[PDB]
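Peer 1:
Protein chains in written order, with the entry's author numbering: chain V, 72 to 142; chain H, 498 to 549; chain E, 10 to 100; chain R, 8 to 50.
#1: If you draw a straight line from the alpha carbon of residue 506 of chain H to that of residue 99 of chain V, how long is it in whole angstroms?
#2: Using the Cα positions of residue 500 of chain H and residue 532 of chain H, report the straight-line distance between them to the nearest angstrom.
#3: To the nearest angstrom, how far is it from the Cα of residue 72 of chain E to the Cα of residue 76 of chain V?
#4: Mind checking the region 520-546 of chain H against chain V and listing, in chain order, the residues whose C-beta falls within less than 8 Å of any C-beta there?
#5: Where does the unbroken beta strand (DSSP E) through residue 53 of chain E begin, and where does it stop?
#6: Quick one: is residue 549 of chain H near chain E, going by C-beta distance under 8 Å?
#7: Start and end of the alpha helix (DSSP H) containing residue 45 of chain E?
#8: Using a C-beta to C-beta distance shorter than 8 Å, which residues of chain H count as neighbours of residue 114 of chain V?
#9: Cα separation between residue 59 of chain E and residue 19 of chain R?
#10: Can you tell me whether residue 31 of chain E is buried or exposed, with buried defined as 16 or more other CB within 10 angstroms of its CB?
#11: Take every Cβ of the region 34-41 of chain E, pair it with every Cβ of the region 502-521 of chain H, and state whether three or more of those distances are shorter than 8 Å.
#12: Give the single residue among V:82, V:138, V:72 whose Cα lies nearest to the Cα of residue 108 of chain V.
#13: Assign residue 80 of chain V to buried or exposed, taking buried as 16 or more other Cβ atoms, counted over all protein chains shown, within 10 Å of its Cβ.
#14: Check each candidate in V:142, V:131, V:121, V:115 and name the one with the smallest Cα separation from residue 13 of chain R.
#15: Between which two residues does the alpha helix (DSSP H) carrying residue 8 of chain E extend?
#16: Considering only the alpha carbon of each residue, which of E:28, E:50, E:10 lies closest to residue 96 of chain E?
#17: Let me check one thing: in DSSP terms, what residues is residue 546 of chain H bridge-paired to?
#18: Is residue 548 of chain H buried or exposed, if buried means 16 or more other CB atoms sit within 10 Å of its CB?
#19: Shortest alpha-carbon distance to residue 84 of chain E belongs to which of E:99, E:100, E:64?
#20: In this structure, what does DSSP give as the bridge partners for residue 541 of chain H?
#21: Please report the straight-line C-alpha distance between residue 543 of chain H and residue 53 of chain E, rounded to a whole angstrom.
#22: Show which residues of chain E have a CB atom less than 9 Å away from the CB atom of residue 140 of chain V.
#23: Below 8 Å between beta carbons: does that hold for residue 527 of chain H and residue 102 of chain V?
#24: Give me, in chain order, the residues of the same chain whose beta-carbon lies closer than 6 Å to that of residue 41 of chain E; leave out the 5 immediate sequence neighbours on both sides.
#25: Taking just the CA atoms, how far does residue 105 of chain V sit from residue 85 of chain V?
#26: Can you pull the chain H residues whose beta carbon is under 7 Å from the beta carbon of residue 96 of chain V, in chain order?
#27: Which ranges would you report for the alpha helix (DSSP H) in the region 74-139 of chain V if only whole runs of at least 4 residues count?
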């Protein structure tokens, strides 16, 4: 991702998110890229049904606090 | 866990055998970054660019 | 004779207002959406504020130019409701 | 993943547009102040 310059924002955010994991920690660079990429793949079923992307974000925010509490 | 072996074996191993675990700083920090990464993509319904 | 008939230059202004409002219709209130601004040098600027949006885009249509220029004076005084003013003009 | 997105509404807008052109022609003969239509079969 460092040698390949990114233009489209969706991939560029994942590149900037990789630097967030790489600078603060020496492990988990592949954990962020794989997990964040699958969240958009499973979201295609909700986008198809007609659920707006606004309430989709609200669902992940409520699930994030429930996940961090179980960790 | 998940079996990482390259040879056919019945079942899977245990975490205590190879002592393969994930750190809290690696798992907890990766969740907050992954959620914010997919949020920006879902928040963009269109792009605006100009001529260079 | 060759007289009167059609003013249809109004149709361009009406269509220009619908296309401009449809872009800012996506982002409103706390439920709004994020947009990208590219200056051509490779800088990706992600901001929901319509004040920075209208300055980074260059529209050839004169209808959207008057709306963008008039919105700059309101942002220096009111400083809020940049998208709201645009949605009221197009609708 | 196949597709399900919209009912797309497009076949309905074509039906409305087809009725707009039909009324616009036929509304000219309405009332005593209307206009008289002519038909030619080619013969």
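All C-beta atoms in this analysis are idealised placements derived from N, C-alpha and C, irrespective of residue type, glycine included.
Peer 2: Taking the structure as given:
#1: Within the second chain, residue 506 of chain H is the residue found at index 9, counting from 1. Within the first chain, residue 99 of chain V is the residue found at index 28, counting from 1. For residue 506 of chain H and residue 99 of chain V, the distance between alpha carbons rounds to 28 Å.
#2: In the second chain, the residue the question calls residue 500 of chain H occupies position 3. In the second chain, the residue the question calls residue 532 of chain H occupies position 35. In a straight line, the C-alpha of residue 500 of chain H is about 28 Å away from that of residue 532 of chain H.
#3: In the third chain, the residue the question calls residue 72 of chain E occupies position 63. In the first chain, the residue the question calls residue 76 of chain V occupies position 5. Distance between the alpha carbons of residue 72 of chain E and residue 76 of chain V is about 37 Å.
#4: 520, 521, 522, 523, 524, 525, 526, 527, 528, 529, 530, 531, 532, 533, 534, 535, 536, 537, 538, 539, 540, 541, 542, 544
#5: For the purposes of this step, residue 53 of chain E is taken as the residue at position 44 of the third chain. Per DSSP, residue 53 of chain E belongs to the beta strand (DSSP E) from 53-55.
#6: The residue labelled residue 549 of chain H in the question sits at position 52 within the second chain. Yes, residue 549 of chain H lies at the interface with chain E (some Cβ there is under 8 Å from its Cβ).
#7: Translated into positions along the third chain, residue 45 of chain E becomes position 36. Taken as a continuous stretch (DSSP letters only), residue 45 of chain E belongs to no alpha helix (DSSP H), being part of the beta strand (DSSP E) at 45-47.
#8: Stepping through the first chain from its first residue, residue 114 of chain V is reached at position 43. 535, 539, listed in chain order.
#9: Walking along the third chain from the start, residue 59 of chain E turns up at place 50. Walking along the fourth chain from the start, residue 19 of chain R turns up at place 12. Residue 59 of chain E and residue 19 of chain R: Cα-Cα distance of roughly 35 Å.
#10: Sequence index remark: in the third chain, residue 31 of chain E carries index 22 (1-based). The residue is exposed, with fewer than 16 neighbouring Cβ atoms inside 10 Å.
#11: no
#12: In the first chain, counting from the first residue as 1, residue 108 of chain V sits at position 37. Comparing Cα-Cα distances from residue 108 of chain V to each of V:82, V:138, V:72, the minimum goes to V:82.
#13: For the purposes of this step, residue 80 of chain V is taken as the residue at position 9 of the first chain. It counts as buried.
#14: By one-based count along the fourth chain, residue 13 of chain R stands at place 6. Nearest of V:142, V:131, V:121, V:115 to residue 13 of chain R, Cα basis: V:121.
#15: It is not possible to answer for residue 8 of chain E, since the shown part of chain E is limited to 10 through 100.
#16: Counting from 1 along the third chain, the entry for residue 96 of chain E is found at position 87. Nearest option by C-alpha distance: E:28.
#17: As a first step, residue 546 of chain H is located in the second chain; it is residue number 49 there, counting from the start. Looking at the DSSP assignment, residue 546 of chain H forms a beta bridge with E:47.
#18: Within the second chain, residue 548 of chain H is the residue found at index 51, counting from 1. Label assigned to residue 548 of chain H: exposed.
#19: Against the third chain, residue 84 of chain E aligns to sequence position 75. Ranking E:99, E:100, E:64 by Cα distance to residue 84 of chain E puts E:64 first.
#20: On the second chain, residue 541 of chain H is found 44 positions in, with the first residue counted as 1. Looking at the DSSP assignment, residue 541 of chain H forms a beta bridge with E:43.
#21: Residue numbering aside, residue 543 of chain H sits at position 46 when the second chain is read from its first letter. Residue numbering aside, residue 53 of chain E sits at position 44 when the third chain is read from its first letter. Approximately 14 Å, taken between the alpha carbons.
#22: Counted from its first residue, the first chain places residue 140 of chain V at position 69. Within 9 Å Cβ-Cβ: nothing; residue 140 of chain V doesn't reach chain E, min ~25 Å.
#23: The residue you call residue 527 of chain H lines up with position 30 of the second chain. The residue you call residue 102 of chain V lines up with position 31 of the first chain. Yes, the Cβ-Cβ distance between residue 527 of chain H and residue 102 of chain V is below 8 Å.
#24: Stepping through the third chain from its first residue, residue 41 of chain E is reached at position 32. Cβ neighbours of residue 41 of chain E beyond the five flanking positions: 57.
#25: Against the first chain, residue 85 of chain V aligns to sequence position 14. Against the first chain, residue 105 of chain V aligns to sequence position 34. Looking at the two C-alpha atoms, the distance is approximately 10 Å.
#26: Stepping through the first chain from its first residue, residue 96 of chain V is reached at position 25. Per Cβ cutoff of 7 Å: 522, 523, 526.
#27: 80-95, 100-113, 115-120
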